[PDB]
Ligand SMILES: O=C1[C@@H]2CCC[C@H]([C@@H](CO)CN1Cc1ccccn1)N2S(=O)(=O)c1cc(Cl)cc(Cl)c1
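Next up: just one chain, as structure tokens, the form solved without the ligand.
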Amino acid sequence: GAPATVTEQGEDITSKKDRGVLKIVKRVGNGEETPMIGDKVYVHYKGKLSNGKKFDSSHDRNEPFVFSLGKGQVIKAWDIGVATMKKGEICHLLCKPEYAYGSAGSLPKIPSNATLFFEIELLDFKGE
């Protein structure tokens, strides 16, 4: 399925080239521009654990998730991955725990040492 495919066929987008964040572009976005550090980014996403369980979805809340890019307001894999996206792009990210929640995990649903799969849509980005 999609998590296996990004694991085996994804692109390493880390600057360390340690395979910690792998990406596949699923829907090509608009133009060439990617968001800049500090931009307000608006995303829709779904996240799955490596046991197949959905742990989160913004679609199910009928509102996007909004954060300031590159500020550590989200897991490292998202700061790195969203920074590569064009407006309107949909991608898959496969995130090793060192770029996610590490040994701590995140209650209620994310265990220790968890590799995470996300589908992410970059809806918009805006500077301030």
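For every residue, the number given is its place in the sequence shown, counted from 1.
The same protein also exists as the form deposited with the ligand bound; that form is not shown, yet it is the one meant from here on.
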If we define contact as a non-hydrogen atom of the residue within 4.5 angstroms of the partner, is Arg19 a contact of the ligand in the deposited complex?
no
Examine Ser106 and determine whether its closest non-hydrogen atom to the ligand in the deposited complex is within 4.5 angstroms.
yes
Hey, which residues along 64 to 87 are within 4.5 angstroms of the ligand in the deposited complex, non-hydrogen atoms only?
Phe65, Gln73, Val74, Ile75, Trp78
